[PDB]
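First up is the structure itself, then whatever we jot down about it.
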Amino acid sequence: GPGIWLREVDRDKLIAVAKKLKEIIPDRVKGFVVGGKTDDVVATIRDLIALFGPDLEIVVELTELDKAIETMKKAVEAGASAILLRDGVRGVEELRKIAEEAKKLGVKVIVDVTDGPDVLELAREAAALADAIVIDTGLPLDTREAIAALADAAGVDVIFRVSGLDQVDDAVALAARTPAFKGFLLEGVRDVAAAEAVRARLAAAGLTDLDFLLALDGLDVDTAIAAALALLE
């Protein structure tokens, strides 16, 4: 079956969810995407590594390009294994240095590709630097096809960020055209009913077994667990 990644920026909420997942479905938990203050993220990373095994992957979100390397070094020292660079479309020339320092640490590089004047240049740079690219499905279709074709040719894993059910249909169709496609980042799930609709669409597309990420932004602890279990059944 598929494995679950969880994205949550609140430490108290993430740990409460993580403790429950460890008790119920520890072997299905693949990793966590964490963010926030360096002091909070580093404490979360240690807590998550204490809960789960040394095999737990932890992605630290970097939202400030000029502070990314310092936050990355401290997070990796806590046990993080990957970075997710957001806001790269503003200053594309800054990603090489960040990606170079990530590589020197043996850290995976994930680049979030969102809209902007330099979105194609960001996509090109991400293709030359990143292990994986997260493509916002809300992007215009021709732009998304461009980014996916660029990443595929570079051998970069492609992750589709989806929020609407129509975004799911878009990403599913494009996923079948993208060999580099690796999985979905599920945003907007607010109850088990929405989690069921996604699970059914993924089943109809034959994409169930791929690991996915569930963003917990729109969920409380009990609904996050119920939505996670609903997607994983």
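Identifiers for the structure tokens are assigned positionally: chains receive A, B, ... in sequence, residues are indexed from 1 per chain, and ligands are indexed from 1 in the order shown.
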Segment 126-140 of chain A: which residues within 7 Å, counting only C-alpha atoms, same-chain residues fewer than 5 positions away excluded, as a compact mmCIF listing (two decimals) with N, CA, C and O atoms, in the first residue's frame?
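Heads up, here's the output in part-v3.txt:
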```
# COMPACT_ATOMS: atom_id res chain seq x y z
N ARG A 96 21.35 27.98 -6.74
CA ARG A 96 22.58 27.23 -6.93
C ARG A 96 23.36 27.12 -5.63
O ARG A 96 23.70 26.02 -5.18
N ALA A 99 21.41 24.97 -3.17
CA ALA A 99 21.47 23.58 -3.61
C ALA A 99 22.87 23.00 -3.46
O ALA A 99 23.03 21.84 -3.10
N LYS A 108 18.73 16.04 0.24
CA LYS A 108 17.89 16.12 -0.95
C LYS A 108 17.35 17.53 -1.15
O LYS A 108 17.02 18.24 -0.19
N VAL A 109 17.22 17.93 -2.41
CA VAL A 109 16.77 19.27 -2.78
C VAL A 109 15.45 19.16 -3.51
O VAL A 109 15.37 18.53 -4.57
N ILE A 110 14.41 19.78 -2.96
CA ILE A 110 13.09 19.85 -3.57
C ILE A 110 12.76 21.31 -3.81
O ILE A 110 12.87 22.13 -2.89
N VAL A 111 12.38 21.65 -5.04
CA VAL A 111 12.13 23.03 -5.43
C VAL A 111 10.64 23.18 -5.73
O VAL A 111 10.10 22.46 -6.57
N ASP A 112 10.00 24.11 -5.02
CA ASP A 112 8.60 24.45 -5.24
C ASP A 112 8.49 25.43 -6.40
O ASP A 112 9.07 26.52 -6.35
N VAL A 113 7.73 25.06 -7.43
CA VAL A 113 7.61 25.89 -8.62
C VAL A 113 6.20 26.47 -8.64
O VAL A 113 5.22 25.78 -8.93
N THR A 114 6.11 27.76 -8.32
CA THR A 114 4.87 28.52 -8.36
C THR A 114 5.02 29.65 -9.37
O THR A 114 6.11 29.91 -9.90
N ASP A 115 3.92 30.35 -9.63
CA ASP A 115 3.90 31.29 -10.74
C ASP A 115 4.74 32.53 -10.43
O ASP A 115 4.98 32.89 -9.28
N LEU A 150 10.45 19.80 -18.90
CA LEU A 150 11.80 20.21 -18.53
C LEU A 150 12.37 19.29 -17.46
O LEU A 150 13.55 18.91 -17.52
N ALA A 151 11.57 18.94 -16.46
CA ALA A 151 12.06 18.11 -15.36
C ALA A 151 12.28 16.68 -15.83
O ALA A 151 13.29 16.06 -15.49
N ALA A 154 15.44 16.24 -17.61
CA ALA A 154 16.55 16.29 -16.67
C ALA A 154 16.56 15.13 -15.69
O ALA A 154 17.47 15.05 -14.86
N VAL A 156 14.37 14.60 -13.25
CA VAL A 156 13.98 15.12 -11.94
C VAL A 156 12.58 14.61 -11.62
O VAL A 156 11.69 14.65 -12.47
N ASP A 157 12.39 14.13 -10.39
CA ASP A 157 11.08 13.67 -9.96
C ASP A 157 10.09 14.83 -9.96
O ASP A 157 10.43 15.96 -9.60
N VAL A 158 8.86 14.54 -10.36
CA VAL A 158 7.81 15.55 -10.47
C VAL A 158 6.71 15.23 -9.46
O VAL A 158 6.20 14.10 -9.43
N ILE A 159 6.36 16.22 -8.65
CA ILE A 159 5.29 16.12 -7.66
C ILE A 159 4.26 17.17 -8.01
O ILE A 159 4.60 18.34 -8.24
N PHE A 160 2.99 16.76 -8.08
CA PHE A 160 1.90 17.67 -8.40
C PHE A 160 1.22 18.09 -7.11
O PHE A 160 0.70 17.24 -6.36
N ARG A 161 1.24 19.39 -6.82
CA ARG A 161 0.45 19.95 -5.74
C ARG A 161 -0.96 20.21 -6.24
O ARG A 161 -1.16 20.90 -7.25
N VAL A 162 -1.96 19.63 -5.56
CA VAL A 162 -3.35 19.74 -5.97
C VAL A 162 -4.18 20.22 -4.78
O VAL A 162 -3.88 19.91 -3.63
N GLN A 167 -8.36 20.18 -10.01
CA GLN A 167 -6.91 20.11 -10.06
C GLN A 167 -6.44 18.66 -10.01
O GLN A 167 -5.43 18.31 -10.64
N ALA A 171 -4.07 17.00 -12.78
CA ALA A 171 -2.80 16.36 -12.46
C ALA A 171 -2.80 14.88 -12.82
O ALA A 171 -1.78 14.34 -13.25
```
Extract, using only C-alpha atoms, all DNA, RNA and protein residues at most 12 Å from residue 165 of chain A, discarding same-chain residues fewer than 2 positions from it, and format them as number ranges by chain.
-> A: 137-138, 161-163, 167-172, 186-189, 194-202
Report the residues of segment 162-218 of chain A whose backbone DSSP state falls under alpha helix (DSSP H), written as JSON, numbers by chain.
-> {"A": [165, 166, 167, 168, 169, 170, 171, 172, 173, 174, 175, 192, 193, 194, 195, 196, 197, 198, 199, 200, 201, 202, 203, 204]}
Counting only C-alpha atoms, the residue among A:4, A:210, A:193, A:226 that lies closest to residue 28 of chain A is A:4
With DSSP run on the backbone, what are the strand (DSSP E or B) residues within segment 27-233 of chain A? I'd like them as an mmCIF file with N, CA, C and O atoms, in the first residue's frame.
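And here is the file that came out, out-v6.cif:
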```cif
data_model
loop_
_atom_site.group_PDB
_atom_site.id
_atom_site.type_symbol
_atom_site.label_atom_id
_atom_site.label_comp_id
_atom_site.auth_asym_id
_atom_site.auth_seq_id
_atom_site.Cartn_x
_atom_site.Cartn_y
_atom_site.Cartn_z
ATOM 1 N N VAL A 29 4.029 5.415 7.710
ATOM 2 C CA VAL A 29 4.509 6.794 7.777
ATOM 3 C C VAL A 29 5.882 6.871 7.119
ATOM 4 O O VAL A 29 6.847 6.269 7.593
ATOM 5 N N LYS A 30 5.973 7.626 6.025
ATOM 6 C CA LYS A 30 7.229 7.750 5.298
ATOM 7 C C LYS A 30 8.036 8.962 5.726
ATOM 8 O O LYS A 30 9.271 8.917 5.699
ATOM 9 N N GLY A 31 7.381 10.045 6.116
ATOM 10 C CA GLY A 31 8.144 11.232 6.441
ATOM 11 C C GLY A 31 7.247 12.396 6.786
ATOM 12 O O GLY A 31 6.017 12.299 6.773
ATOM 13 N N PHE A 32 7.899 13.515 7.083
ATOM 14 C CA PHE A 32 7.220 14.735 7.482
ATOM 15 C C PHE A 32 7.865 15.914 6.775
ATOM 16 O O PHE A 32 9.076 15.917 6.524
ATOM 17 N N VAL A 33 7.042 16.904 6.447
ATOM 18 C CA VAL A 33 7.503 18.193 5.954
ATOM 19 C C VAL A 33 7.207 19.211 7.043
ATOM 20 O O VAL A 33 6.041 19.410 7.415
ATOM 21 N N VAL A 34 8.256 19.848 7.554
ATOM 22 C CA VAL A 34 8.162 20.724 8.712
ATOM 23 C C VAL A 34 8.609 22.126 8.317
ATOM 24 O O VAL A 34 9.348 22.326 7.351
ATOM 25 N N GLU A 57 12.263 10.094 6.969
ATOM 26 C CA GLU A 57 12.722 11.236 6.200
ATOM 27 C C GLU A 57 11.999 12.487 6.674
ATOM 28 O O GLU A 57 10.803 12.455 6.966
ATOM 29 N N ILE A 58 12.732 13.587 6.779
ATOM 30 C CA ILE A 58 12.168 14.843 7.257
ATOM 31 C C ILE A 58 12.613 15.938 6.303
ATOM 32 O O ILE A 58 13.817 16.141 6.108
ATOM 33 N N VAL A 59 11.644 16.630 5.711
ATOM 34 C CA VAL A 59 11.888 17.728 4.778
ATOM 35 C C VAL A 59 11.639 19.031 5.521
ATOM 36 O O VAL A 59 10.570 19.216 6.107
ATOM 37 N N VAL A 60 12.619 19.930 5.509
ATOM 38 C CA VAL A 60 12.471 21.240 6.136
ATOM 39 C C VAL A 60 12.131 22.259 5.060
ATOM 40 O O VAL A 60 12.852 22.381 4.063
ATOM 41 N N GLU A 61 11.031 22.982 5.250
ATOM 42 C CA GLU A 61 10.671 24.042 4.319
ATOM 43 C C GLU A 61 11.527 25.273 4.575
ATOM 44 O O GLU A 61 11.672 25.713 5.722
ATOM 45 N N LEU A 62 12.079 25.832 3.503
ATOM 46 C CA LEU A 62 12.886 27.045 3.557
ATOM 47 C C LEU A 62 12.141 28.119 2.777
ATOM 48 O O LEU A 62 12.033 28.031 1.550
ATOM 49 N N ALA A 82 16.153 16.442 3.880
ATOM 50 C CA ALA A 82 15.807 17.104 2.630
ATOM 51 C C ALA A 82 15.379 18.530 2.934
ATOM 52 O O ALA A 82 14.979 18.852 4.057
ATOM 53 N N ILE A 83 15.449 19.378 1.914
ATOM 54 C CA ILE A 83 14.925 20.731 2.018
ATOM 55 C C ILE A 83 13.872 20.919 0.939
ATOM 56 O O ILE A 83 13.943 20.319 -0.139
ATOM 57 N N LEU A 84 12.881 21.751 1.237
ATOM 58 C CA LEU A 84 11.909 22.196 0.244
ATOM 59 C C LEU A 84 12.053 23.705 0.109
ATOM 60 O O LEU A 84 11.729 24.454 1.040
ATOM 61 N N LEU A 85 12.559 24.150 -1.038
ATOM 62 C CA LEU A 85 12.764 25.568 -1.304
ATOM 63 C C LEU A 85 11.484 26.176 -1.860
ATOM 64 O O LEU A 85 11.040 25.814 -2.954
ATOM 65 N N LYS A 108 18.734 16.041 0.241
ATOM 66 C CA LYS A 108 17.891 16.118 -0.946
ATOM 67 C C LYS A 108 17.345 17.529 -1.149
ATOM 68 O O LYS A 108 17.017 18.236 -0.192
ATOM 69 N N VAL A 109 17.217 17.928 -2.412
ATOM 70 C CA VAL A 109 16.775 19.272 -2.775
ATOM 71 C C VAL A 109 15.449 19.162 -3.514
ATOM 72 O O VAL A 109 15.371 18.529 -4.575
ATOM 73 N N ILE A 110 14.411 19.782 -2.955
ATOM 74 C CA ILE A 110 13.089 19.845 -3.570
ATOM 75 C C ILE A 110 12.765 21.311 -3.808
ATOM 76 O O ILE A 110 12.868 22.128 -2.889
ATOM 77 N N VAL A 111 12.378 21.646 -5.040
ATOM 78 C CA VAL A 111 12.127 23.030 -5.425
ATOM 79 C C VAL A 111 10.643 23.183 -5.726
ATOM 80 O O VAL A 111 10.096 22.456 -6.566
ATOM 81 N N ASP A 112 10.002 24.115 -5.024
ATOM 82 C CA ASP A 112 8.599 24.448 -5.236
ATOM 83 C C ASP A 112 8.485 25.434 -6.395
ATOM 84 O O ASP A 112 9.069 26.524 -6.354
ATOM 85 N N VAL A 113 7.735 25.064 -7.425
ATOM 86 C CA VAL A 113 7.605 25.893 -8.616
ATOM 87 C C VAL A 113 6.199 26.475 -8.639
ATOM 88 O O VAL A 113 5.220 25.776 -8.932
ATOM 89 N N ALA A 132 13.801 16.791 -6.849
ATOM 90 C CA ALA A 132 12.376 16.752 -7.138
ATOM 91 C C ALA A 132 11.847 18.171 -7.262
ATOM 92 O O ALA A 132 12.385 19.113 -6.677
ATOM 93 N N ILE A 133 10.768 18.308 -8.016
ATOM 94 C CA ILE A 133 10.102 19.582 -8.221
ATOM 95 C C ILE A 133 8.639 19.393 -7.853
ATOM 96 O O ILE A 133 8.027 18.387 -8.229
ATOM 97 N N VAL A 134 8.095 20.331 -7.091
ATOM 98 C CA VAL A 134 6.668 20.376 -6.794
ATOM 99 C C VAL A 134 6.034 21.398 -7.726
ATOM 100 O O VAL A 134 6.406 22.579 -7.706
ATOM 101 N N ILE A 135 5.090 20.946 -8.551
ATOM 102 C CA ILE A 135 4.448 21.780 -9.565
ATOM 103 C C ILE A 135 3.044 22.116 -9.089
ATOM 104 O O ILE A 135 2.214 21.220 -8.885
ATOM 105 N N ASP A 136 2.783 23.407 -8.912
ATOM 106 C CA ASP A 136 1.450 23.886 -8.571
ATOM 107 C C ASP A 136 0.499 23.623 -9.736
ATOM 108 O O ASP A 136 0.699 24.143 -10.839
ATOM 109 N N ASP A 157 12.395 14.128 -10.390
ATOM 110 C CA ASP A 157 11.078 13.673 -9.955
ATOM 111 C C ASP A 157 10.091 14.831 -9.962
ATOM 112 O O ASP A 157 10.430 15.957 -9.596
ATOM 113 N N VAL A 158 8.856 14.541 -10.360
ATOM 114 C CA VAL A 158 7.809 15.547 -10.469
ATOM 115 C C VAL A 158 6.712 15.227 -9.465
ATOM 116 O O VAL A 158 6.197 14.103 -9.433
ATOM 117 N N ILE A 159 6.363 16.217 -8.646
ATOM 118 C CA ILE A 159 5.294 16.118 -7.661
ATOM 119 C C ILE A 159 4.257 17.171 -8.014
ATOM 120 O O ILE A 159 4.603 18.338 -8.238
ATOM 121 N N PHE A 160 2.995 16.760 -8.083
ATOM 122 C CA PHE A 160 1.904 17.673 -8.396
ATOM 123 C C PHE A 160 1.217 18.089 -7.105
ATOM 124 O O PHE A 160 0.704 17.240 -6.364
ATOM 125 N N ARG A 161 1.241 19.386 -6.824
ATOM 126 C CA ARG A 161 0.453 19.954 -5.741
ATOM 127 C C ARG A 161 -0.965 20.208 -6.245
ATOM 128 O O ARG A 161 -1.157 20.896 -7.252
ATOM 129 N N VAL A 162 -1.955 19.629 -5.565
ATOM 130 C CA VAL A 162 -3.353 19.743 -5.968
ATOM 131 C C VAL A 162 -4.183 20.216 -4.782
ATOM 132 O O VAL A 162 -3.883 19.913 -3.626
ATOM 133 N N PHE A 181 6.787 11.616 -13.057
ATOM 134 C CA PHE A 181 5.810 11.831 -11.998
ATOM 135 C C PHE A 181 6.005 10.829 -10.870
ATOM 136 O O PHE A 181 6.222 9.637 -11.105
ATOM 137 N N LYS A 182 5.929 11.319 -9.637
ATOM 138 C CA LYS A 182 6.177 10.477 -8.477
ATOM 139 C C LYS A 182 5.048 10.462 -7.458
ATOM 140 O O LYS A 182 4.907 9.469 -6.741
ATOM 141 N N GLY A 183 4.248 11.516 -7.362
ATOM 142 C CA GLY A 183 3.165 11.508 -6.400
ATOM 143 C C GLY A 183 2.500 12.864 -6.280
ATOM 144 O O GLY A 183 2.923 13.855 -6.885
ATOM 145 N N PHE A 184 1.450 12.884 -5.464
ATOM 146 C CA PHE A 184 0.641 14.073 -5.242
ATOM 147 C C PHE A 184 0.912 14.678 -3.872
ATOM 148 O O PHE A 184 1.148 13.970 -2.890
ATOM 149 N N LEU A 185 0.857 16.005 -3.822
ATOM 150 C CA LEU A 185 0.810 16.760 -2.578
ATOM 151 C C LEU A 185 -0.636 17.220 -2.428
ATOM 152 O O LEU A 185 -1.093 18.092 -3.175
ATOM 153 N N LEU A 186 -1.355 16.621 -1.479
ATOM 154 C CA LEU A 186 -2.792 16.841 -1.327
ATOM 155 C C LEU A 186 -3.029 17.990 -0.356
ATOM 156 O O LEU A 186 -2.810 17.848 0.851
ATOM 157 N N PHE A 212 1.928 9.559 -1.025
ATOM 158 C CA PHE A 212 1.345 10.881 -1.181
ATOM 159 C C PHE A 212 1.635 11.705 0.061
ATOM 160 O O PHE A 212 1.981 11.173 1.119
ATOM 161 N N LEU A 213 1.481 13.018 -0.069
ATOM 162 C CA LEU A 213 1.571 13.913 1.071
ATOM 163 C C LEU A 213 0.199 14.490 1.379
ATOM 164 O O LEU A 213 -0.520 14.936 0.479
ATOM 165 N N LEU A 214 -0.148 14.496 2.657
ATOM 166 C CA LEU A 214 -1.381 15.099 3.141
ATOM 167 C C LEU A 214 -1.013 16.348 3.933
ATOM 168 O O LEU A 214 -0.378 16.252 4.987
ATOM 169 N N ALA A 215 -1.393 17.515 3.418
ATOM 170 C CA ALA A 215 -1.221 18.756 4.158
ATOM 171 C C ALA A 215 -2.324 18.878 5.202
ATOM 172 O O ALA A 215 -3.512 18.715 4.892
#
```
